[PDB]
Amino acid sequence: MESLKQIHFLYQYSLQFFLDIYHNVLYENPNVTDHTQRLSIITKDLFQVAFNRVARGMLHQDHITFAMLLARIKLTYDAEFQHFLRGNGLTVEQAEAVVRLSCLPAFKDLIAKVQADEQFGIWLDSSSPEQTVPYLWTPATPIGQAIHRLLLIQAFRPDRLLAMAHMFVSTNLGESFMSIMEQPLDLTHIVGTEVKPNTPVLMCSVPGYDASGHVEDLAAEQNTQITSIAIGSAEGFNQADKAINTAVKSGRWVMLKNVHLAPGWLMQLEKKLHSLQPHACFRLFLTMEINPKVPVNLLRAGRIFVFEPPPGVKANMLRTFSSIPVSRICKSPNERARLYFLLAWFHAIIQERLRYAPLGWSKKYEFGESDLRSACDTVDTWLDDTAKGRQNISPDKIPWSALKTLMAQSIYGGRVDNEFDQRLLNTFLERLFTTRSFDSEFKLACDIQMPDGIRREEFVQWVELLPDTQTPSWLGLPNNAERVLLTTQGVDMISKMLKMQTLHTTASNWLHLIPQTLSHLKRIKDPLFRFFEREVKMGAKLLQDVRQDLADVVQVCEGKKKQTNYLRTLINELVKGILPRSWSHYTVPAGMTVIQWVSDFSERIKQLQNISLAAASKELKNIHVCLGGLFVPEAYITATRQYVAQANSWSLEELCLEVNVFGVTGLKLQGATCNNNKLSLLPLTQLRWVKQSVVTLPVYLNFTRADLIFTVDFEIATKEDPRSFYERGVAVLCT
Amino acid sequence: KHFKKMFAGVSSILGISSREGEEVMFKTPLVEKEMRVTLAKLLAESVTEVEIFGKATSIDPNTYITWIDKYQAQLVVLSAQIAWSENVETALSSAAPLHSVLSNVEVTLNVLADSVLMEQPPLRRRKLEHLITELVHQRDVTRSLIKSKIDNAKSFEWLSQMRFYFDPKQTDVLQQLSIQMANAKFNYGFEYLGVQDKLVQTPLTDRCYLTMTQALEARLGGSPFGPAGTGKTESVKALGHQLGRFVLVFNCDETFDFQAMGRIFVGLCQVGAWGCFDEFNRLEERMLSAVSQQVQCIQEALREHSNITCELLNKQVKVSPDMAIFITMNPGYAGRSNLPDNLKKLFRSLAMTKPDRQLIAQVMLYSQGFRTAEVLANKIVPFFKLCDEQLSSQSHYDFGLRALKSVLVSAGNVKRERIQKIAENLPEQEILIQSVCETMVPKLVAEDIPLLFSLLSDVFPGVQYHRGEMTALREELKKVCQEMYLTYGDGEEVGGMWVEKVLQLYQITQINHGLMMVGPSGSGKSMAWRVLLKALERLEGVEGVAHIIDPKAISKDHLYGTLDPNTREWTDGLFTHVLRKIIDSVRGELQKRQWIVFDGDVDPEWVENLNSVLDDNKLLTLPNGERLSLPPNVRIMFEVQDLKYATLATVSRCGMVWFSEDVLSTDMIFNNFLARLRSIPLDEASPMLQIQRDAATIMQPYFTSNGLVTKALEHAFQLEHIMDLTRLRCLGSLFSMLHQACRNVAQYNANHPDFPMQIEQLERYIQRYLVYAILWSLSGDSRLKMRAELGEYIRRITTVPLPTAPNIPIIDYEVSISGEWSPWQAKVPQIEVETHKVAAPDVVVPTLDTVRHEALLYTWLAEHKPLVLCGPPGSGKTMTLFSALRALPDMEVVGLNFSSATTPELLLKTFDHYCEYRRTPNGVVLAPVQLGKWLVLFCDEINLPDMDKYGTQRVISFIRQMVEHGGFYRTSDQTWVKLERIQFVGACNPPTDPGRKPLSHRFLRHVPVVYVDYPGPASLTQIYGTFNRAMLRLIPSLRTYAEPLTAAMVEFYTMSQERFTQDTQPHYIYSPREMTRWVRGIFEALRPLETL
Ligand SMILES: Nc1ncnc2c1ncn2[C@@H]1O[C@H](COP(=O)(O)OP(=O)(O)OP(=O)(O)O)[C@@H](O)[C@H]1O
Ligand SMILES: Nc1ncnc2c1ncn2[C@@H]1O[C@H](COP(=O)(O)OP(=O)(O)O)[C@@H](O)[C@H]1O
Ligand SMILES: Nc1ncnc2c1ncn2[C@@H]1O[C@H](COP(=O)(O)OP(=O)(O)O)[C@@H](O)[C@H]1O
């Protein structure tokens, strides 16, 4: 428990809470007056409470790191347990893991048993191979088999390393061990019995979310007065001091917002409070943001909670249903519950769409419970206006259009800026909010059946009747979007567990070869030629700048003096791998290192050499380039448009574009494929500027999808839905 | 006057006046209540009057026009929604009447569009353009409603529009009118908003109104955001107009304290006004939470009213229900902070990232009076998009919506001017070309001009434009330009580009209230606007007054003013006092053309405090609630170098003029220098003037076309220096050296009164001085090898006679007053120092480097121009400067050191100690305490003032302000103080040394820089052999060991300097002062023994 401060940097662990674990377990845990059964109960509940006390104050992605360690503590298997923590038509990357696993005596069967089975290909391509795993290795215990197939599934499909971990814990500590995380936070009970006075209630907030409203809701719930003062002003500091003194004297509730901004007074508060004996049921709440600024001593003292978008579609509906009170959702008419369920479902869809970014939503817009609260207020107002004095309303008389417009424009669409995201929000709101939603066989996704109730009670059990086997197909996004994140979590398991268990010489070798890879570039009113000459000019100038800088680095590293200012900075950014600002003159993705920069630059310089050869030879029309390898692809598009306009003596406005599969190469299409101009759910693109059931797909330079440059009109196959192509996220990519 | 700044935007108070001129009158023979009742009864009459012909199938022009002229601008437009909404409500309640209403709107639009084609007064024309804007909104909304079939008013498509309900039976005349919306139900404020300027109601702007209408129906605020220049503040103003309450616009900077916004909210609540706060991206992170507290506390009382008092600065004060807060961010830009997450919970956010440029380009162009505005807008908007996408990535371009609005208003002005010059047809496609040439063409670099004109030829085929000429102003520039010895051109001569840029600047000034300059240092910005102001003052007869403020050197508290926190007291800054004196009109400043110029570099912390004066309704805000309405006749200018650290929130507001380095060529500098030399005497026809004119006649062949100086200068940019070479410094140093040549000829004539100088010897002196001065001005700040290479090139270019030494570079010669070369070895005799001065402070062993540098420093300090000495540590800058000073019994020195956290206050304290103040009729002059005796400020470390975030030191800017204008601003009385007898000499190590930054070019232009290197084995051996011979006289028997000892230490210091340097430790500095400590130690050890 204590050694997690070297991983999280957010949770700080003290002995007082670990003894509070005994104070609760050994005195308040329900049960029998038999020593052996009592010992069994205490031992079984110790792990449960150890996870429950801790996991409410740390991020969800680490909930599997701690619990699996608690599977080790309760756990002969240690000989083979280190293999998956220090070990690092089958493909090469899977073959490496296979051969590395084959070294163990226990997995000697991997040499020949992998090819004998003809069902292995189906298992590898399975949607969920965690449920059933072929055994390749004295009958073993369930825990031993779980460990063996854990090593095997990492050796075969590391993308499903995380999910197996979740079941492995259930093999040791119980199926319902992690189930209490996927539930609303019981704030009232915890402040009732688990939080003492002289112990601040720390509430961490991931960016894009907060917990200020929770404490106000609690204060209104218990019918108690509370004093709330933020942090950042001297007058506020003095009022907060008066408030904390009065609350200590009288037992009152005190509330401080954004204490991370003033670490001085915050550090003072810890020593003010620990040496004080206050009135009973006196509670101070501090809200903060996760950063390495807050005093560590205050984190050792208080009760830490982490607030964030909860994982999974299931948990979000429970959180929403807990947030709305019981009385409001059950008010007449009975279709109010239906619209509330639809709103909650739509909110869950969008918020989980944010997590699988940028493939679902390119820009990570912030969406919180303020938006849901305003939407619920709007729904209540509309139903009050429409259904005044009546108990039952038809689906057709519901103002579907007004609700759709207001959710699409003001409440949720205001934070939407890109046109494509706005039209996707329109697609959601039109697909879900309609009179078809009240049919018995309506489908929320394509399958899932909507419940056919009228009150709030019957909807509740269906939410947790949803299977835990969740895939992104619930959202509409392709399932392969998991493979980017799940693997990113898998390597997050092995690394975070491992912690739990000269420069000139480098640079000289680093820039001996890089000049060898790079090359040299050789330099009237034609619209294509002017922009091409400008491109070659910029390329030659920046290439010469880079070559001179690398030559200076080589000379200073070899020892030929040149020990100057602004070259040691280049040494620093070259050793660290951060791309220096001296070379970032065009758009590249963030975090893109120097070796990738050189790999891209070599191909760019080769392309510009070919451009120079073509221009020198006009033939500039029949030359093929790849967008993204041009510093300003917008300039190339405009030059093509103006060349067509001048060739045919047309106005520059009256010239639109058609696309067929001017030659443009090097493009890629993600999410679909096309053969005969119909998109089925791009070796060479032909562009024809023509005068004057298709889909408008964007084009982005980088996979981050920051800024758009170009749109393409594509036909669709007859067997596919035009609306679903917005949801799935098919896009044109230049890299 | 005071009503202009607090109470709405009216001018002064029988009735209420306005800036544009329209005046209301009281109905009934308490400022707020009376004027609202008067407005309500006016609207009550207006609705009944306009409902008579509401079914406008056929409209009588006379009655319609006199109804426009009878009533006010805000009432006519408002009564044009009231009648519309009632008519459409009646029609949709009962689609024939809907089509009839569409036809009525079309007929009304046609009759009003026929009026603009005829000449109209501006007073009626503004209202009529606003009515065209409204009625285009009406026709587009009505055709949208008919396009998608509707059945009743309960459908959202009708429900989500600005429908206006009028109740004739309402007793409360203030509650007589209401406006509706999606869930909203408001009452119109009936404040005398006035005319102002009605926006274009685009669909994005429609979403913008709708979201904040929903927010204000509930108790929340409105938070437009997105890239700058898309219509956030103007959208909030549009809500204020459409809902009838004037919105106070406040620009926010770090100067706010919590008490300031405390009284802002108290003032808003006590009267019931609206607030629009422009910035929450620079108001400090902790302070954002500190004010989130207050803005959350007010909303609770607001909701309690919804179901009265609230706490504001620990005071229970009443809150009127008619209150609203809107904010604005400019997110995503570099020079800004983040927001706390709790604040966003209180506020609805809508993004302005793509305003509808087509319909805004259409409707107002059509309202101005363009017959074919549809095609013109359809051609100009994609032209803007093409210009944005294809032009090169320059940080100073600005093609947002503000640029389009400026271009089209310029087109309207051009149309009016052409109508006055000449009716139905005047080529309208050429008007847009002329407007683009007036506004957009000047700000492009020379590379992109062909691209822009190719676009103009393509998207606007034909109608090729011919550039006009303002011959009166051009002849005025002929008459004023030559007075100050400046060259003129015809637009095709050698000096035509510069005067064309001045004319372009005049054009931008006429239309853009905010003006700005961008270009490399020394391209003629200051001279350009100075000659323009002088010509304008001589032509129109209106006195031209210029104020200059350097904001970077001055602290922000001193610049803009600062509130005293102990007791709220408003101490004004520079700009605040300037505006106060212009507004108060103590001397008559309102009748004079007055410009305010901001030189220095840009930085976001001060430029964006002016974002509230460069918009519509130009007005400055201060934390104390004091507001300053900007004068009409003034212009705020910037004179900056580049915008590598500026954001588009202020780069788009101000019209731009760009100077390339080729605008000001070398020949014009030569002509200016020679004209100044011929006309103005150096000492202040006199003998000095005769010598000057003779020298100018001698040297004129060398100062034109290629000649010699230009060939040398373009050959010199291929040779590296300490730092980046600039042309104009390199020529100013030469000019000063030539002035010293004239003074030296005067000295020679003073030596022999009976034998005046002869021309045949004068040439032999002056060509030799020319080549010597070219050498030391072009290779002063460089290594000796660079000096040798440049010597060789200068030898090849010109026929000036040269030494015949086979292997002596020409830099190592002196030009004698006799008019011939002399080696420098004649002035460095081998001298023996005294026994007690073997090693002492302020002792100089003469060597050719030392004497050469002494001569050069003498030449630059003789003219009393600033100077900089920079080279590696130990070179001898301090002692060489002091040696040069010791030969001059008319100047003393003040040593001064700059720390890395230094301030201008250090120099101010030094001046307060060593100098004094006196009030003269000419103003305030800072005088040295010794009369007639020069006072030098030696700065031992010039390149380490405090380094700001955005690449500009403060003290360097202060010394720049000292040098260029000969003074500064004394902040105790914020007044102009000018120097009398102070020159600035400084020194540094090279900027390539590790902790030292490079020096700004705009200050490097003024000061010449000389490179002083450590002597090395050539001269150190001589120097310390002299010291060893002088030191081994204490022991007569050891005098034979002076030579082999010097060769030893000098070898070891050569052996140790190459090994240990800054690459291993920060303070591994090797200098000849180590040899000074050497000889001091050996001398103080051998002094008293007397036998070793
Ligand atoms: N058109 C011109 N012809 C000749 N000399 C000129 C011209 N314009 C300016 N100069 C001279 O150039 C020098 C500097 O000019 P000016 O002060 O106008 O430059 P600037 O662009 O304002 O400078 P900086 O940007 O470096 O502060 C002065 O000697 C001025 O006389
Ligand atoms: N709908 C509109 N009608 C008329 N002018 C507009 C409209 N939208 C924007 N503008 C013009 O664009 C500019 C936008 O300024 P502003 O909204 O203050 O930018 P910022 O919010 O970045 O300060 C204004 O000068 C305004 O005249
Ligand atoms: N050319 C020279 N002739 C004689 N002494 C010299 C010469 N150059 C340097 N020295 C001696 O060595 C010292 C070098 O240190 P100096 O450059 O003066 O200090 P700083 O780093 O402040 O410029 C001089 O002060 C002087 O005493």
# chains A, B, ... in the order shown; residues from 1 in each chain; ligands from 1
call {"tool": "closest_atom_pairs", "arguments": {"of": "chain A", "to": "chain B", "cutoff": "7 Å", "atoms": "only C-alpha atoms", "output": "tab-separated table"}}
result
residue	atom	partner	partner_atom	distance
A:208	CA	B:341	CA	6.9
A:210	CA	B:341	CA	6.9
A:229	CA	B:293	CA	6.9
A:230	CA	B:293	CA	6.2
A:231	CA	B:290	CA	6.3
A:232	CA	B:286	CA	4.2
A:233	CA	B:290	CA	5.8
A:261	CA	B:286	CA	5.8
A:370	CA	B:345	CA	5.9
A:401	CA	B:156	CA	7.0
A:402	CA	B:156	CA	5.4
A:409	CA	B:207	CA	6.7
A:410	CA	B:211	CA	4.9
A:414	CA	B:350	CA	3.9
A:415	CA	B:350	CA	5.6
A:416	CA	B:351	CA	7.0
A:417	CA	B:351	CA	5.6
A:563	CA	B:1063	CA	7.0
A:564	CA	B:992	CA	5.4
A:565	CA	B:992	CA	4.9
A:634	CA	B:389	CA	5.8
A:635	CA	B:390	CA	4.5
A:638	CA	B:390	CA	6.4
A:651	CA	B:459	CA	5.7
A:652	CA	B:459	CA	5.1
A:653	CA	B:379	CA	6.2
call {"tool": "select_by_dssp", "arguments": {"residues": "region 401-627 of chain A", "states": "alpha helix (DSSP H)", "output": "ChimeraX atom specification"}}
result
/A:401-406,419-432,456-463,481-500,503-517,527-558,568-576,594-616
call {"tool": "residues_near_ligand", "arguments": {"ligand": "ligand 2", "cutoff": "6 Å", "atoms": "only C-alpha atoms and all ligand atoms", "output": "list in words"}}
result
residues 199, 200, 228, 229, 230, 231, 232, 233, 234, 401, 402, 615 and 649 of chain B
call {"tool": "closest_atom_pairs", "arguments": {"of": "chain B", "to": "ligand 3", "cutoff": "10 Å", "atoms": "only C-alpha atoms and all ligand atoms", "output": "Markdown table"}}
result
| residue | atom | partner | partner_atom_place_in_ligand_line | distance |
| --- | --- | --- | --- | --- |
| B:839 | CA | ligand 3 | 27 (O) | 8.2 |
| B:840 | CA | ligand 3 | 27 (O) | 7.9 |
| B:841 | CA | ligand 3 | 27 (O) | 6.7 |
| B:842 | CA | ligand 3 | 27 (O) | 7.3 |
| B:843 | CA | ligand 3 | 27 (O) | 7.1 |
| B:844 | CA | ligand 3 | 4 (C) | 5.2 |
| B:845 | CA | ligand 3 | 4 (C) | 5.0 |
| B:846 | CA | ligand 3 | 3 (N) | 6.6 |
| B:847 | CA | ligand 3 | 1 (N) | 6.5 |
| B:848 | CA | ligand 3 | 1 (N) | 8.8 |
| B:849 | CA | ligand 3 | 1 (N) | 7.0 |
| B:850 | CA | ligand 3 | 1 (N) | 5.7 |
| B:851 | CA | ligand 3 | 1 (N) | 9.3 |
| B:869 | CA | ligand 3 | 23 (O) | 9.3 |
| B:870 | CA | ligand 3 | 23 (O) | 8.8 |
| B:871 | CA | ligand 3 | 23 (O) | 8.5 |
| B:872 | CA | ligand 3 | 21 (O) | 7.7 |
| B:873 | CA | ligand 3 | 21 (O) | 4.4 |
| B:874 | CA | ligand 3 | 17 (O) | 3.4 |
| B:875 | CA | ligand 3 | 17 (O) | 4.2 |
| B:876 | CA | ligand 3 | 17 (O) | 3.2 |
| B:877 | CA | ligand 3 | 23 (O) | 4.6 |
| B:878 | CA | ligand 3 | 18 (O) | 4.8 |
| B:879 | CA | ligand 3 | 18 (O) | 5.2 |
| B:880 | CA | ligand 3 | 18 (O) | 7.7 |
| B:881 | CA | ligand 3 | 18 (O) | 9.4 |
| B:882 | CA | ligand 3 | 18 (O) | 9.8 |
| B:940 | CA | ligand 3 | 22 (O) | 6.9 |
| B:941 | CA | ligand 3 | 22 (O) | 8.8 |
| B:987 | CA | ligand 3 | 23 (O) | 8.0 |
| B:988 | CA | ligand 3 | 23 (O) | 8.3 |
| B:989 | CA | ligand 3 | 21 (O) | 8.2 |
| B:1012 | CA | ligand 3 | 17 (O) | 9.0 |
| B:1013 | CA | ligand 3 | 8 (N) | 8.5 |
| B:1014 | CA | ligand 3 | 8 (N) | 6.2 |
| B:1015 | CA | ligand 3 | 1 (N) | 5.9 |
| B:1016 | CA | ligand 3 | 1 (N) | 9.2 |
| B:1019 | CA | ligand 3 | 1 (N) | 7.3 |
| B:1020 | CA | ligand 3 | 2 (C) | 7.3 |
| B:1022 | CA | ligand 3 | 3 (N) | 9.3 |
| B:1023 | CA | ligand 3 | 4 (C) | 6.2 |
| B:1024 | CA | ligand 3 | 4 (C) | 8.2 |
| B:1027 | CA | ligand 3 | 4 (C) | 9.7 |
| B:1069 | CA | ligand 3 | 21 (O) | 9.8 |
| B:1070 | CA | ligand 3 | 14 (C) | 9.8 |
| B:1071 | CA | ligand 3 | 14 (C) | 6.1 |
| B:1072 | CA | ligand 3 | 12 (O) | 4.4 |
| B:1073 | CA | ligand 3 | 12 (O) | 3.9 |
| B:1074 | CA | ligand 3 | 12 (O) | 7.3 |
| B:1075 | CA | ligand 3 | 12 (O) | 6.9 |
| B:1076 | CA | ligand 3 | 27 (O) | 5.8 |
| B:1077 | CA | ligand 3 | 27 (O) | 9.0 |
call {"tool": "write_last_selection", "arguments": {"atoms": "N, CA and C atoms", "output": "short mmCIF file (atom, residue, chain, number, x, y, z; two decimals), in the first residue's frame"}}
result
data_model
loop_
_atom_site.label_atom_id
_atom_site.label_comp_id
_atom_site.auth_asym_id
_atom_site.auth_seq_id
_atom_site.Cartn_x
_atom_site.Cartn_y
_atom_site.Cartn_z
N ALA B 839 53.77 47.32 -11.58
CA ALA B 839 52.45 46.72 -11.70
C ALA B 839 51.51 47.54 -10.83
N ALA B 840 50.73 48.41 -11.46
CA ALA B 840 49.83 49.31 -10.76
C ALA B 840 48.53 49.42 -11.54
N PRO B 841 47.44 49.82 -10.88
CA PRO B 841 46.22 50.13 -11.63
C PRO B 841 46.41 51.36 -12.50
N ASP B 842 45.71 51.37 -13.63
CA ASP B 842 45.74 52.49 -14.57
C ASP B 842 47.16 52.76 -15.07
N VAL B 843 47.80 51.70 -15.56
CA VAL B 843 49.08 51.79 -16.26
C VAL B 843 48.91 51.11 -17.61
N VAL B 844 49.41 51.76 -18.66
CA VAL B 844 49.25 51.29 -20.03
C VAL B 844 50.63 51.14 -20.64
N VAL B 845 50.96 49.93 -21.08
CA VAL B 845 52.14 49.68 -21.90
C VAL B 845 51.70 49.83 -23.36
N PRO B 846 52.24 50.78 -24.12
CA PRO B 846 51.67 51.05 -25.44
C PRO B 846 52.01 49.94 -26.43
N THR B 847 50.99 49.55 -27.19
CA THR B 847 51.14 48.60 -28.28
C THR B 847 50.19 49.01 -29.39
N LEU B 848 50.45 48.50 -30.59
CA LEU B 848 49.73 48.99 -31.77
C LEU B 848 48.23 48.80 -31.63
N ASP B 849 47.80 47.68 -31.04
CA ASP B 849 46.38 47.48 -30.80
C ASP B 849 45.83 48.55 -29.86
N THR B 850 46.56 48.83 -28.78
CA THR B 850 46.08 49.79 -27.80
C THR B 850 45.98 51.19 -28.39
N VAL B 851 47.00 51.62 -29.14
CA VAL B 851 46.98 52.97 -29.69
C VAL B 851 45.92 53.09 -30.79
N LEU B 869 32.03 48.35 -26.52
CA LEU B 869 33.29 47.62 -26.64
C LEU B 869 33.04 46.18 -26.22
N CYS B 870 33.23 45.22 -27.12
CA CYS B 870 32.96 43.84 -26.74
C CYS B 870 33.93 42.85 -27.36
N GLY B 871 34.46 41.98 -26.50
CA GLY B 871 35.38 40.94 -26.86
C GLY B 871 35.56 40.04 -25.65
N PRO B 872 36.42 39.03 -25.76
CA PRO B 872 36.53 38.04 -24.68
C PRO B 872 37.04 38.67 -23.40
N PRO B 873 36.79 38.06 -22.24
CA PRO B 873 37.30 38.64 -20.99
C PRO B 873 38.82 38.76 -21.00
N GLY B 874 39.31 39.83 -20.39
CA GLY B 874 40.73 40.08 -20.33
C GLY B 874 41.30 40.90 -21.46
N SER B 875 40.48 41.30 -22.42
CA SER B 875 41.01 42.00 -23.59
C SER B 875 41.60 43.36 -23.23
N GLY B 876 41.05 44.02 -22.22
CA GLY B 876 41.48 45.35 -21.84
C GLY B 876 40.51 46.46 -22.18
N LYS B 877 39.21 46.17 -22.24
CA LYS B 877 38.23 47.20 -22.57
C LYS B 877 38.26 48.33 -21.55
N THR B 878 38.28 47.98 -20.26
CA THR B 878 38.22 48.99 -19.21
C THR B 878 39.43 49.92 -19.27
N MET B 879 40.63 49.34 -19.29
CA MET B 879 41.83 50.16 -19.26
C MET B 879 42.02 50.92 -20.57
N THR B 880 41.65 50.33 -21.70
CA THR B 880 41.74 51.05 -22.97
C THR B 880 40.79 52.25 -22.98
N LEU B 881 39.56 52.06 -22.51
CA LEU B 881 38.62 53.18 -22.43
C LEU B 881 39.14 54.26 -21.49
N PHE B 882 39.69 53.86 -20.35
CA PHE B 882 40.20 54.85 -19.41
C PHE B 882 41.42 55.57 -19.97
N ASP B 940 29.82 48.37 -17.56
CA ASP B 940 30.80 47.30 -17.69
C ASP B 940 30.20 46.00 -18.20
N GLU B 941 28.87 45.86 -18.17
CA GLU B 941 28.21 44.64 -18.64
C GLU B 941 26.88 45.06 -19.24
N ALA B 987 30.18 48.07 -22.39
CA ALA B 987 31.06 46.98 -22.76
C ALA B 987 30.40 45.65 -22.43
N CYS B 988 30.76 44.62 -23.20
CA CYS B 988 30.27 43.27 -22.92
C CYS B 988 31.31 42.23 -23.29
N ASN B 989 31.04 40.99 -22.88
CA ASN B 989 31.62 39.82 -23.51
C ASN B 989 30.77 39.45 -24.72
N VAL B 1012 37.61 44.10 -29.19
CA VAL B 1012 38.90 44.16 -28.53
C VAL B 1012 39.26 42.75 -28.09
N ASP B 1013 40.35 42.22 -28.63
CA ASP B 1013 40.78 40.86 -28.37
C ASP B 1013 41.99 40.87 -27.45
N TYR B 1014 42.16 39.78 -26.71
CA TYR B 1014 43.33 39.65 -25.86
C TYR B 1014 44.59 39.65 -26.73
N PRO B 1015 45.68 40.30 -26.30
CA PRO B 1015 46.78 40.58 -27.25
C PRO B 1015 47.40 39.34 -27.87
N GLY B 1016 47.52 38.25 -27.12
CA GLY B 1016 48.14 37.05 -27.62
C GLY B 1016 49.66 37.14 -27.57
N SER B 1019 51.94 40.46 -28.65
CA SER B 1019 52.02 41.68 -27.85
C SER B 1019 52.20 41.42 -26.36
N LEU B 1020 51.70 40.29 -25.85
CA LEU B 1020 51.89 40.00 -24.43
C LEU B 1020 53.36 39.83 -24.10
N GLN B 1022 55.90 41.37 -25.52
CA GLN B 1022 56.47 42.71 -25.41
C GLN B 1022 56.06 43.38 -24.11
N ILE B 1023 54.76 43.32 -23.78
CA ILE B 1023 54.25 44.03 -22.62
C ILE B 1023 54.92 43.52 -21.35
N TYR B 1024 54.94 42.21 -21.17
CA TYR B 1024 55.45 41.65 -19.94
C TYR B 1024 56.96 41.47 -19.96
N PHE B 1027 57.53 44.82 -18.44
CA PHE B 1027 57.33 44.71 -16.99
C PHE B 1027 58.45 43.92 -16.32
N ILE B 1069 37.93 31.01 -16.41
CA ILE B 1069 38.24 32.19 -17.20
C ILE B 1069 39.74 32.45 -17.13
N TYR B 1070 40.37 32.56 -18.29
CA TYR B 1070 41.79 32.86 -18.41
C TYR B 1070 41.94 34.23 -19.07
N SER B 1071 42.62 35.14 -18.40
CA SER B 1071 42.74 36.52 -18.83
C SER B 1071 44.16 37.01 -18.59
N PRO B 1072 44.60 38.06 -19.30
CA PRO B 1072 45.87 38.71 -18.93
C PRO B 1072 45.87 39.34 -17.55
N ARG B 1073 44.71 39.57 -16.92
CA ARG B 1073 44.77 40.03 -15.54
C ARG B 1073 45.35 38.96 -14.63
N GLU B 1074 45.32 37.70 -15.04
CA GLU B 1074 46.13 36.70 -14.36
C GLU B 1074 47.61 37.06 -14.43
N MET B 1075 48.06 37.60 -15.56
CA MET B 1075 49.43 38.09 -15.63
C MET B 1075 49.63 39.34 -14.78
N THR B 1076 48.60 40.17 -14.64
CA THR B 1076 48.71 41.30 -13.72
C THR B 1076 48.94 40.81 -12.30
N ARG B 1077 48.17 39.80 -11.88
CA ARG B 1077 48.37 39.22 -10.55
C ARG B 1077 49.73 38.55 -10.43
#
call {"tool": "residues_around", "arguments": {"residues": "residue 14 (chain A)", "least_positions_apart": "3", "cutoff": "8 Å", "atoms": "only C-alpha atoms", "output": "JSON list (two decimals) with N, CA, C and O atoms, in the first residue's frame"}}
result
[["chain", "number", "residue", "atom", "x", "y", "z"],
["A", 2, "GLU", "N", 1.89, 1.28, 0.85],
["A", 2, "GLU", "CA", 2.69, 2.50, 1.00],
["A", 2, "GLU", "C", 3.54, 2.77, -0.23],
["A", 2, "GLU", "O", 3.73, 3.93, -0.61],
["A", 17, "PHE", "N", -4.14, 5.45, 8.60],
["A", 17, "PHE", "CA", -5.23, 4.81, 7.87],
["A", 17, "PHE", "C", -5.08, 3.29, 7.86],
["A", 17, "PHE", "O", -6.09, 2.57, 7.92],
["A", 18, "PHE", "N", -3.85, 2.79, 7.79],
["A", 18, "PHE", "CA", -3.68, 1.34, 7.84],
["A", 18, "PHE", "C", -4.09, 0.76, 9.18],
["A", 18, "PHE", "O", -4.52, -0.39, 9.25],
["A", 300, "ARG", "N", -0.65, 13.16, 2.92],
["A", 300, "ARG", "CA", -0.49, 12.10, 3.91],
["A", 300, "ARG", "C", -1.63, 12.12, 4.93],
["A", 300, "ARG", "O", -2.01, 11.06, 5.45],
["A", 301, "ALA", "N", -2.19, 13.29, 5.21],
["A", 301, "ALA", "CA", -3.15, 13.43, 6.30],
["A", 301, "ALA", "C", -4.57, 13.06, 5.88],
["A", 301, "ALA", "O", -5.21, 12.20, 6.50]]
